[PDB]
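Asks:
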């Protein structure tokens with residue numbers, strides 16, 4: 036069992052990607068993603084090659100859908116397609132416990148970000164969430180999904199390089 | 215005044231079902247029904263039934279404990295509807311229409 040720690044910040048549901056080069060078929064990947072601050076509802080996923088989930092997930096945001104289980108259906112279908120394995124937004128075992136058996140040799144990527152959920156009871160208003168987190172990564176280490184993580188062996192992963203536009207102006211007024 | 219509604223339900227035990235229904239008793243427009251957790255995160259949709267007048271809704275508890283909150287969305291309706299009545303049918307284990 037080999038175990039690593041990571042911390043980071045999700046700025047309105049844009050996630051962070053971590054590279055896992057030369058993984059071996061039959062390896063078991065264990066991921067735990069816990070909220071450390073803010074209202075972030077964590078979303079963990081594992082992929083083979085990198086394609087950007089913000090585009091696809093952004094389209095789910097745009098749907099002011101028929102009603103709630105329409106969102107379940109649409110998020111379920113998108114997550115299943117984008118990731119080889121995924122696990123969700125908050126709950127009892129903190130937020131993201133995800134066991135994944137590696138199907139073949141090669142480079143893999145785990146995505147750590149926001150789910151899309153409702154926060155409020157005054158109106159049904161589903162959005163991405165924001166905040167800091169701790170990610171526990173385990174290679175053949177079952178204790179990671181038990182809520183106990185200690186850094187254990189050799190490094191196998193680190194931070195994966200894409201552009202995001204935001205611009206504004208306003209009027210500044212210096213005087214007496 | 216009150217254009218949206220919630221009801222905090224009882225704590226559902228592991229592997230226990232839930233049934234819900236809305237019916238316009240005062241010939242009012244059709245509402246959206248939903249089930250959500252104690253926080254915001256939602257669990258279901260109250261679908262519009264075969265007849266076309268009832269809002270049928272279903273869910274079963276998979277987490278360790280389920281504390282639930284039924285929503286009755288009143289945003290798509292008659293503008294300033296002084297009277298709008300609804301009959302909210304809610305129950306745990308028997309699908310019937321102590």
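Residue numbers (PDB author numbering), protein chains in the order written: chain A, 36 to 195, 199 to 214; chain B, 215 to 311, 321.
No residue lacks a Cβ here, since even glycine has one placed at the ideal position from N, Cα and C.
Please tell me whether residue 143 of chain A and residue 47 of chain A are closer than 8 Å, where the distance is taken between their beta carbons.
Replies: On the first chain, position 108 is the one that residue 143 of chain A refers to. On the first chain, position 12 is the one that residue 47 of chain A refers to. No. Outside cutoff.
Asks: Thinking C-alpha only, which one of A:199, A:80, A:174, A:149 is nearest residue 74 of chain A?
Replies: The count along the first chain starts at 1 and reaches residue 74 of chain A at position 39. Nearest C-alpha to residue 74 of chain A: A:149.
Asks: So if I threshold CB-CB distances at 7 Å, which residues from the region 271-286 of chain B count as touching chain A?
Replies: Those residues of the region 271-286 of chain B that come within reach of chain A (Cβ to Cβ, closer than 7 Å) are 277, 278, 283, 285.
Asks: Can you give me the Cβ contacts of residue 309 of chain B inside the same chain, cut-off strictly under 6 Å, excluding the 5 residues immediately before and after it?
Replies: Here residue 309 of chain B refers to the residue found at position 95 when the second chain is read from its first residue. Around residue 309 of chain B: 233.
Asks: Taking only beta carbons into account, state which residues of the region 244-258 of chain B come closer than 8 Å to chain A, listed in chain order.
Replies: With the criterion set as a beta carbon lying under 8 Å from some beta carbon of chain A, the members of the region 244-258 of chain B are 246, 247, 248, 249, 250, 253, 254, 255, 256, 257, 258, in sequence order.
Asks: List, in order along the chain, the chain B residues whose C-beta lies closer than 9 Å to that of residue 124 of chain A?
Replies: By one-based count along the first chain, residue 124 of chain A stands at place 89. Within chain B, the residues near residue 124 of chain A are 255.
Asks: How big is the Cα-Cα spacing for residue 160 of chain A and residue 112 of chain A?
Replies: Within the first chain, residue 160 of chain A is the residue found at index 125, counting from 1. Within the first chain, residue 112 of chain A is the residue found at index 77, counting from 1. Cα-Cα distance, rounded: 20 Å.
Asks: Under 8 Å, Cβ to Cβ, is there at least one residue of chain B near residue 198 of chain A?
Replies: Within the gap of chain A, which runs from 195 to 199, lies residue 198 of chain A, and it has no coordinates in the structure.
Asks: Can you pull the chain B neighbours of residue 154 of chain A, defined as C-beta to C-beta under 9 Å?
Replies: Taking the first chain and counting its residues from 1, one reaches residue 154 of chain A at position 119. 253, 254, 255, listed in chain order.
Asks: Using 8 Å as the cut-off, can you tell me whether the region 247-259 of chain B makes contact with the region 281-290 of chain B, which would need three or more C-beta pairs spanning the two stretches below that distance?
Replies: yes
Asks: Name the chain A residues whose beta carbon is nearer than 8 Å to that of residue 218 of chain B?
Replies: For the purposes of this step, residue 218 of chain B is taken as residue 4 along the second chain, with counting starting at 1. Those within 8 Å of residue 218 of chain B in chain A are 157, 158.
Asks: Excluding the 5 residues preceding and the 5 following residue 44 of chain A in the sequence, name in chain order all residues of the same chain whose CB lies nearer than 6 Å to its CB.
Replies: As a first step, residue 44 of chain A is located in the first chain; it is residue number 9 there, counting from the start. Excluding residues within five positions, the ones whose Cβ falls inside 6 Å are 167.
Asks: At a cut-off of 7 Å, would you count residue 238 of chain B as near the ligand ATP, judging by its Cβ distance to the nearest heavy atom?
Replies: The ligand ATP is not part of the structure shown, which contains no ligands of any sort.
Asks: Taking 6 Å as the limit between beta carbons, can you name the residues of its chain near residue 225 of chain B, skipping five residues before and five after?
Replies: As a position in the second chain, residue 225 of chain B is number 11, starting the count at 1. Excluding sequence positions up to five before and after residue 225 of chain B, its CB lies within less than 6 Å of the CB of 279, 281, all in the same chain and listed in chain order.
Asks: Pull out every residue of the region 58-89 of chain A whose Cβ sits closer than 8 Å to any Cβ of chain B, in chain order.
Replies: Answer set for the region 58-89 of chain A: 76.
Asks: Quick check: is the beta carbon of residue 46 of chain A nearer than 8 Å to any beta carbon in chain B?
Replies: Here residue 46 of chain A refers to the residue found at position 11 of the first chain. Not a single CB atom of chain B sits nearer than 8 Å to the CB of residue 46 of chain A.
Asks: Within its chain, find whatever has a CB closer than 7 Å to the CB of residue 195 of chain A; leave out the 5 residues flanking it on each side and keep chain order.
Replies: The count along the first chain starts at 1 and reaches residue 195 of chain A at position 160. Excluding residues within five positions, the ones whose Cβ falls inside 7 Å are 52, 53, 54, 85, 144.
Asks: Just the chain B side, please: which residues come within less than 7 Å of residue 98 of chain A by C-beta, in chain order?
Replies: The sequence position of residue 98 of chain A within the first chain is 63, counting from 1. Those do not exist, as residue 98 of chain A stays about 13 Å from chain B at its closest Cβ, beyond 7 Å.
Asks: In the DSSP assignment, what are the bridge partners of residue 245 of chain B?
Replies: As a working note, residue 245 of chain B is residue 31 in the second chain. The partner list for residue 245 of chain B (beta bridge, DSSP) is empty, contrary to what the question assumes.
Asks: So residue 93 of chain A is in the alpha helix (DSSP H); what residue range does that whole segment cover?
Replies: As a working mapping, residue 93 of chain A is identified with position 58 in the first chain. From DSSP, the alpha helix (DSSP H) with residue 93 of chain A extends over 88-97.
Asks: Using DSSP bridges, identify the partner residues of residue 166 of chain A.
Replies: The residue labelled residue 166 of chain A in the question sits at position 131 within the first chain. The partner list for residue 166 of chain A (beta bridge, DSSP) reads A:45, A:73.
Asks: Considering only the alpha carbon of each residue, which of B:266, B:259, B:265 lies closest to residue 272 of chain B?
Replies: Taking the first residue of the second chain as position 1, residue 272 of chain B is located at position 58. Of the listed residues, the one whose Cα sits closest to residue 272 of chain B is B:259.
Asks: Would residue 41 of chain A and residue 80 of chain A be called neighbours here (beta carbons separated by less than 8 Å)?
Replies: Walking along the first chain from the start, residue 41 of chain A turns up at place 6. Walking along the first chain from the start, residue 80 of chain A turns up at place 45. No.
Asks: Take residue 265 of chain B as the anchor and find which of B:244, B:275, B:215 has the nearest alpha-carbon.
Replies: Counted from its first residue, the second chain places residue 265 of chain B at position 51. Of B:244, B:275, B:215, the residue nearest in Cα terms is B:244.
Asks: For residue 103 of chain A, would you say it is in contact with chain B, using Cβ-to-Cβ distances shorter than 8 Å as the test?
Replies: As a first step, residue 103 of chain A must be located in the first chain, where it is residue number 68. At a cut-off of 8 Å, the C-beta of residue 103 of chain A has a neighbouring C-beta in chain B.
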